[PDB]
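These are the residues of each chain, in order.
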Amino acid sequence: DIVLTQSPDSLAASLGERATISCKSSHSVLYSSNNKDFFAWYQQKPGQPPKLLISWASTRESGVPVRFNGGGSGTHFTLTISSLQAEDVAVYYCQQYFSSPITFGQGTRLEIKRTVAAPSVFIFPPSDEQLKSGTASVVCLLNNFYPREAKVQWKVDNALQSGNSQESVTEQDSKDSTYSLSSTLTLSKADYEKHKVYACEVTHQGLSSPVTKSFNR
Amino acid sequence: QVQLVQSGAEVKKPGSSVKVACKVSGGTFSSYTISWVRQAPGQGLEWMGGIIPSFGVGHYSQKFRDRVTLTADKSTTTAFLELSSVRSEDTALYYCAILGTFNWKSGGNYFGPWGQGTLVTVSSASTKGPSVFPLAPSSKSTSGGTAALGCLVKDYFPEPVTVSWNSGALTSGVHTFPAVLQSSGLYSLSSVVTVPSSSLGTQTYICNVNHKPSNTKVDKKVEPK
């Protein structure tokens, strides 16, 4: 089969910088008669199907900004994004449609590097409806931060928790290039009522020092 | 422009057969190749095969040839992907797309629309609808002119749930987190939205949770605590 090897696997670049993504095919995808390359570039944004950016190695599809450019021929191809903008965050895929089976590159994840932004930290006690059943979830929200690295630790009456919380992180925002993160501490109602102080301790490059948000039950 | 609309998300037990439908708008298969592409977690995009319904011919990749069959219903211009002997490893987003190849006869339709994707989950666990709990705003969730509130969508299976706010009227500031698989085998996610802290006494906020695999629809008012 024609194997497409994409480079790089991941990329972080500031707004206004040029991003370069490369694809190498194990066999030529060039049709000798018309000298057309049967090669395409796709962009996949979170929650959406891949969207065609470039066909025939270098033909830009309608609605695609002129910052997007495709080049190369035969076995070596490149996708160049000039003047990166926040909405360019996506996974980019090369594709060959010369010979069956159709094959795709493995994907290049593009991250936007913006200025460090500290999270706004918010905390939410369990709802009484949830407490009307035997469970209690405490949610710590780290909103709109960059970079992605953040550490969240739960303390209950100053005792560090392990194994009873779970984190989820959004994809990078397509407008402000930030992340958000939720940490959920799950306890039985019985255990929740034994303790008073529930604390989320947040450490992040954008904070003057470890910040902690808590509440008294 | 032609549009592809696929059937809804689905959970199927191991060893069962699975059918994903792909309705092609425009009333005709014309000379299109309907291809199917799998997106499994951590394996990018893989082409499974394609059918040219006008010629009654299909082709496959070696990986899927022995357990996939493609069909088309010409009375409804709907193409179907059929997976046999499903395994946990087949849990994936499945896309249909108008994608042809030079070596097969494209009709010139190498590029076409993609469908929206169909999440197929392969599991013995039974379908369970969400509990939806409010994440009430308070002094602990405001930062000056900015207040955060949300909904905790818990104890559901399978993915996905969809969350909108005020029936789609509120989009700015919305963050819906990826679901996480809990120790229970069930999924949980939260959806949060940041709004002006001054609106908290004036504006009503409703999270609209849709879980189609269980046909559960829940609208929960989120009030200040």
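- Its PDB header names X-ray crystallography as the technique used to obtain the model and reports a resolution of 2.150 Å.

1. Thoughts on the overall build of chain A
So, point 1. In terms of helices and strands, chain A carries two helices and 21 strands.
So, point 2. Its C-alpha atoms give chain A principal-axis dimensions of roughly 80 × 35 × 25 Å.
So, point 3. Across chain A, contacts joining residues at least 24 apart in sequence account for 59% of those joining residues at least 6 apart.

2. Let's talk about the packing of aromatic side chains
So, point 1. Applying the stated criterion across every chain, the model contains 27 aromatic pairs over all chains.
So, point 2. On the numbers, 5.6 Å between centres and 65 degrees between planes, the contact of A:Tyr42 with B:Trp114 is edge-to-face. Residue A:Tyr42 is located in strand β6 (residues 39-44), and its partner B:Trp114 is located in the loop between β9 (92-98) and β10 (118-122); the two belong to separate chains. For the pair A:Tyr42 and B:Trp114, a shared accessibility class is recorded, and that class is buried.
So, point 3. Members of the aromatic cluster, each reached through a chain of ring pairs, are A:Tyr31, A:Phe38, A:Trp56, A:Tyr97, A:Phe98, B:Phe102, B:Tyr110 and B:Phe111.
So, point 4. The positively charged end of B:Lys105 is found above the aromatic ring belonging to B:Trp104, 5.4 Å away from the centroid.

3. Some words on the environment of B:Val68
Residue and element names in this part refer to chain B.
So, point 1. Its place among the elements puts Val68 in strand β7 (residues 68-73).
So, point 2. Assessed through its relative accessible area of 4%, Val68 is described here as buried.
So, point 3. Between the C-alpha atom of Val68 and that of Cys96, which follows or precedes it by 28 residues, the distance is 14 Å.
So, point 4. When near neighbours in sequence (up to four residues on either side) are disregarded, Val68 contacts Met48, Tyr60, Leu81, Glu82 and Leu83.

4. Some thoughts on the pattern of salt bridges
So, point 1. Evaluated as defined, the whole model comprises 11 salt bridges over all chains.
So, point 2. Between A:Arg109 and A:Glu171 there is a salt bridge, and its shortest N-O distance comes to 3.3 Å. Taken together, the residues A:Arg109 in strand β13 (residues 108-113) and A:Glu171 in the loop between β18 (165-169) and β19 (179-188) connect sequence positions 62 residues apart.
So, point 3. When the shortest N-O distance is used, the salt bridge between A:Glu201 and A:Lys155 registers 3.7 Å. One end of the pair, A:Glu201, is in strand β20 (residues 197-203); the other, A:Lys155, is in strand β16 (residues 151-156), with 46 residues separating them in the sequence.
So, point 4. Classification of A:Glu201 as partly exposed rests on a relative accessible area of 23%.
So, point 5. Residue classification places A:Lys155 among the partly exposed positions, given a relative accessible area of 31%.
So, point 6. Taken together, the shared-partner salt bridges connect B:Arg38, B:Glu46, B:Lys63, B:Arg67 and B:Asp90 into one network.

5. Quick word on the sheet that holds strand β21 (residues 211-216) of chain A
All names here are of chain A.
So, point 1. Taking strand neighbours across the sheet as the criterion, the four strands line up as β17-β16-β20-β21 in an open arrangement whose pairing is antiparallel. A strand with exactly one partner marks an edge of an open sheet, and here the two such strands are β17 (159-160) and β21.
So, point 2. Pairing geometry for β20 and β21, over six bridges, is antiparallel. When the sheet's bridge partners are listed, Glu201 is paired in β21 with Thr212.

6. Some remarks on the pairing of strand β2 (residues 10-14) of chain A
Residue and element names in this part refer to chain A.
So, point 1. Of the two faces of β2, only the one carrying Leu11 and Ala13 is buried; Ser10, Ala12 and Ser14 on the other face are not.
So, point 2. Note: β2 against β13, five bridges, orientation parallel. Note on β13: the bridge partner recorded for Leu11 is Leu110.

7. Remarks on the interface of chain B and chain A
So, point 1. Listed per partner, the contact involves 44 residues of chain B and 50 residues of chain A.
So, point 2. Between chain B and chain A, roughly 3800 Å² of surface is buried when both sides are summed, and carbon and sulfur atoms account for 67% of that area.
So, point 3. Linking chain B to chain A there are zero salt bridges.
So, point 4. At the surface where chain B touches chain A, the tally comes to 11 residue pairs in polar contact.
So, point 5. Broken down by secondary-structure element, the contributors of at least two residues to the side of chain B that touches chain A are β4 (34-39), β11 (131-135), β12 (142-143), β13 (146-156), β15 (174-176), β16 (180-181) and β17 (187-196) of chain B.
So, point 6. Ranked by residues supplied to the side of chain B that touches chain A, first place goes to β13(B) with four residues.
So, point 7. Within the side of chain B that touches chain A, the residues separate by chemical class into 23 nonpolar, 18 polar and three charged.

8. A word on empty space enclosed by the protein
Residues and elements named next belong to chain B.
So, point 1. Of the volumes computed, that of the largest cavity is approximately 40 Å³.
So, point 2. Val18, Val20, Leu81, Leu83, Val86, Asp90, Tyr94 and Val120 together form the lining of the largest cavity.
So, point 3. Looking at the lining of the largest cavity, the elements that each hand over two or more residues are β3 (18-24) and β8 (78-83).

9. Observations concerning the sheet that holds strand β6 (residues 57-60) of chain B
Residue and element names in this part refer to chain B.
So, point 1. If you walk across this open sheet you meet the six strands as β2-β10-β9-β4-β5-β6, and the pairing is mixed. Of all strands in the sheet, those bounded by a partner on one side alone are β2 (10-12) and β6. Across the sheet, the mean angle from the axis of one strand to that of its neighbour is 20 degrees, orientation sign disregarded.
So, point 2. The sheet contact formed by β2 and β10 spans three bridges and is parallel. Its bridge partner being in β10, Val11 is matched across the sheet by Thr121.

10. Regarding the domain arrangement of chain B
All names here are of chain B.
So, point 1. Each assigned domain of chain B is listed here: domain 1 (4-122) and domain 2 (131-222).
So, point 2. When each unit is reduced to the centre of its C-alpha atoms, the spacing between domain 1 and domain 2 is 33 Å.
So, point 3. Counting residues at the interface gives four residues for domain 1, matched by five residues for domain 2.
So, point 4. For the pairing of domain 1 and domain 2, the buried interface totals around 350 Å² over both sides, and the portion due to carbon and sulfur atoms is 83%.
So, point 5. By the criterion of area lost to domain 2, the three top residues of domain 1 are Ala9, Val11 and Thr121, representing 74% of everything that side buries.
So, point 6. At the surface where domain 1 touches domain 2, the tally comes to zero salt bridges.
So, point 7. Taken together, the residues of the side of domain 1 that touches domain 2 sort by class into three nonpolar, one polar and no charged.

Cut-offs used in this document
Residues numbered from 1 in each chain as written, not as in the entry; some residues may be left out. Chains lettered and ligands numbered in written order. Heavy atoms only, no water. Residues with missing side-chain atoms left out of burial classes, pairs and counts. Helix = DSSP H or I, 4+ residues; strand = E, 2+ residues; numbered from the N terminus. Contact = heavy atoms within 4.5 Å. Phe/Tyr/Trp six-rings, centres within 6.5 Å; stacked < 30°, edge-to-face > 60°. Buried < 20%, exposed > 50% of the residue type's maximum accessible area, 1.4 Å probe, protein only. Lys NZ or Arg CZ within 6 Å of the ring centre and 35° of its normal. Salt bridge = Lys/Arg side-chain N within 4 Å of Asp/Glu carboxyl O. Pairing = 2+ DSSP bridges. Buried area = accessible area lost by both parts, 1.4 Å probe. Polar contact = N/O pair within 3.5 Å; in protein donor to acceptor, adjacent residues only side chain to side chain. Nonpolar A, V, L, I, M, F, W, Y, C, P; charged D, E, K, R; others polar. 1 Å grid on protein atoms, 1.4 Å probe; cavity = no way out; pocket = protein on both sides within 12 Å on 5 of 7 lines; lining within 4 Å. Points joined across faces, edges and corners; volume = space filled by probe spheres on them. Axes fitted to C-alpha atoms, helices over the stretch in contact; angles between N-to-C directions. Domains from an automatic or database assignment.

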